[PDB]
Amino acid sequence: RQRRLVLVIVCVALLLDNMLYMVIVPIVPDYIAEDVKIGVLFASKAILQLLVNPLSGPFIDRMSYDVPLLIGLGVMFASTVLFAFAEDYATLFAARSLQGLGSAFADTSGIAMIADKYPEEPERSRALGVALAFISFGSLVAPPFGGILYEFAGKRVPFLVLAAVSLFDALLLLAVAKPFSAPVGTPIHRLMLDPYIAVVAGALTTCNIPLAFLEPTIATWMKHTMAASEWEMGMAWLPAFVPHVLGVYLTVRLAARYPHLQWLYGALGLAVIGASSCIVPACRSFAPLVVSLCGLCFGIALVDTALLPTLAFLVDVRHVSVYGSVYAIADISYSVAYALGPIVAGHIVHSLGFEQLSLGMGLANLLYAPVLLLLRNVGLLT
């Protein structure tokens, strides 16, 4: 039925949205010409998400996951046409803030719609795997090509083309869902106080710190230590798409085979992330570094695919069977690392070094990994 047509289009919206969050970080430092001046500009997407999601979470579970998606895809189009006609600084800051304002709606609505259109267990974790595989591509493989096109054509035409594509996607979604025709949700305070939800939300931030504390402070370290040209410094995350999709598929197949092993999968993913981030400050060549990044990226996929359906399963077993207000917690959790990283990571590296920050990150992840054992009793609460 329609069901598949909605899943594909929502996934494409998550791919284009995740491309504009990373294709602009190399371009911005060109038009600017205070190390804490750029940092706040780069850390404005997550700051706004931390003040809008609490006031937008309960709004999602009241208008049925369609009006918020359209609003988000309109705000994203408005934000994109701007970078295109954007120069100076204030305009860029406003565009970056509008990006977060638009992301506080679209991603949450899309994930909620994917989780709600699929109520059964063997298919929910299969749809939420395709959603994550579509999110990864476009954030891990696309920014290099965006930069290559920037160094050839500029900024005006590509951004207008991307805005046109986003508007086309929003329009055909409006034509397919047909929103132009015609239960009480749990308050976010009650959801946040549930111990299992808090445990899951803590993991969603611990497993993501060693991807926002490394992105802004890897190129300089690579250039200083290893003799690397622009090509390796630019295409350093590209050979990591394959481990991500492989891990997503493996987690989906294992969840289908044995239920109630999501906690084990999450703990294994946390251990892998910690081991990779601890191994990273040892590579003195391109290939070992690429392998370490492969391990780090394969660690994230397991945790994400294992613990994303768990929130919906818990909010279905207990509380009220309405989503939208339970993924705002996940978005808030992400927007803590993505707001605290790009501002203080450089100062931490400059005051301590690159060989201690990674050690601390790995120790934190490996120490939080045992905490996920408290979910071993889930599956009998049904």
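Heads up, when I say rigid core I mean the largest set of C-alphas that superpose within 1.5 Å between the two forms. Start at 1 with the first residue shown and count on from there.
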| query | finding |
| --- | --- |
| Rigid core superposition result in 5 other deposited structures of this protein, more deviant of 184-192, 72-80 by Cα | 184-192 |
| Stretch departing more from the displayed form, 297-305 or 224-232, Cα RMS in 5 other deposited structures of this protein (core fit) | 224-232 |
| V320 dropped from a third or more of the other entries of this protein | no |
| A33 unmodelled in at least a third of other compared entries | yes |
| Deposited but uncoordinated residues in the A33/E34 interval | 10 or more |
| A182 to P183: deposited residues without atomic coordinates | 4 to 9 |
